[PDB]
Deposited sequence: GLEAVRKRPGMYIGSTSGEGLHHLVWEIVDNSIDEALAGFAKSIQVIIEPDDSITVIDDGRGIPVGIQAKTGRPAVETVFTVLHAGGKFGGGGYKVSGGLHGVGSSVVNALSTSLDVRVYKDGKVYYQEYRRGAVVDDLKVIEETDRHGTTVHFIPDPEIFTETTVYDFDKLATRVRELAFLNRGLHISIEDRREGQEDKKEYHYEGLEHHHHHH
């Protein structure tokens, strides 16, 4: 299964260089984009955390959390643990750690993985008034041996292009790294313009 992705990352992400490192972001962001396209997500945040980890926050419906009969597992777990808008499990496999929070029906559902492997069963950790999905991942330096350092300008350029191609979407990019903190927010107007 996912062990194949860890051993042949080149076949899954094209490159283990800086290009592959950035590709991980789009593999998550694309799913938030799909949920905006579905009509439910209005805003997406992409955050470069102070340790070069990545958080992606949307206000869509939230990844389905129900047990599926075919697997016996919550749908969200399968998303991240089974090889398949299908790259979520690839990002998981190539990260030292990934955590997902699903905000749905007044509850926050949480699960974490370590180099692709489940830590514990999906758990309600909190109550909430919001809806959406937050994915945070730390790219694996065993995989990304050239660089694990993100390029804010490169991410921002694409985020801007995505805002344009998905006219109406609010999407931001934030850098929380030491001595270079920055945030750019993009929104191209629809018929209200």
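- Annotation: deposited residues 85-101, 211-215 are not represented by C-alpha coordinates in the model.
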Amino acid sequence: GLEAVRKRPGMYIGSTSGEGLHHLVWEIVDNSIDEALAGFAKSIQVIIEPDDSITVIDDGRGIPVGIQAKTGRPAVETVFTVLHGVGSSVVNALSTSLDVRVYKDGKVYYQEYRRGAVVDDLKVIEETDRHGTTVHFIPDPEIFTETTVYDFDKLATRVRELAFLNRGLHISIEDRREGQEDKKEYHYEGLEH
From here on, numbers count along this sequence of modelled residues.
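- Compared with the other entries of this protein, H84 is frequently left unbuilt, missing from a third or more of those that build its neighbours.
- On average the C-alpha atoms of 67-75 have higher B-factors than those of the other stretch, with 67-75 and 87-95 being the two compared.
- The entry lists C-alpha B-factors for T134, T157, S32, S53, and the highest of these is at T157.
- As recorded in the PDB entry, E127 shows the highest C-alpha B-factor of the residues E127, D140, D58, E49.
- In the deposited entry, the Cα temperature factor of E185 sits in the top third of values across the chain's modelled residues.
- In the PDB entry, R115 places in the lowest third of its chain by CA B-factor.
- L169: CA B factor lies in the middle third for its chain, per the PDB record.
- For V108, the recorded CA B-factor ranks within the middle third of the chain. Only modelled residues enter the ranking.
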